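The form deposited in one PDB entry is given below as one chain in structure tokens.
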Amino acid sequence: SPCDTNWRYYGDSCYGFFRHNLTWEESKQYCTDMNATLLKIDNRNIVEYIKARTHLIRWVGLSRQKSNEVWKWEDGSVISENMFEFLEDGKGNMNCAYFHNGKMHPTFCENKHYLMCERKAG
């Protein structure tokens, strides 16, 4: 495969799963330290791939800059309309999302969870 050891190739991306129990911001930093980014999930096929590759709660790259604002990926794009089916209930001041077993869940950014990162395949 085109991805380094501890990374997995799917579509056009390399995905890494890291059992570091960190806040969302700490997880962002962890990915940055590996020249990577928190995951973007932009279709059902990637939802299915990720849940087939991990069954622990892990942060993804979906967040809002402030309470009650729109949900965006790290690349600054708002979550696609098709992807709302995969975003579960939350409160207005839950501003970061994790992924677990096929669903994204809003929660408090200061909570600790494992993470995953993404790099473009080359």
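Throughout, we count residues from 1 along the sequence that is shown.
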- Could you check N35, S27, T54, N68 and tell me which one carries the biggest Cα B-factor in the deposited entry? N68
- Task: By the entry's C-alpha temperature factors, tell me which of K91, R58, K72, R44 sits highest.
- Result: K91
- Should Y10 be placed in the lowest, middle or highest third of its chain by the C-alpha B factor in the entry? highest
- Task: Grab the CA temperature factor for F108 from the record and place it in the lowest, middle or highest third of its chain.
- Result: lowest
- Task: Would you mind ranking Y98 by its C-alpha B-factor against the rest of the chain and naming the third, lowest, middle or highest?
- Result: lowest
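Just so you know, the form deposited with a partner chain bound exists too; it's not on screen, but the next bit is about it.
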- Task: Sort through 55-63, 76-84, 24-32, 40-48 and report the only stretch with a non-hydrogen atom within 4.5 Å of the partner chain in the entry with it bound.
- Result: 55-63
- Is the gap between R19 and the partner chain in the entry with it bound 4.5 Å or less for some heavy atom pair? yes
- Consider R119 of the chain shown here, and say whether it contacts the partner chain in the entry with it bound, taking contact as heavy atoms within 4.5 Å. no
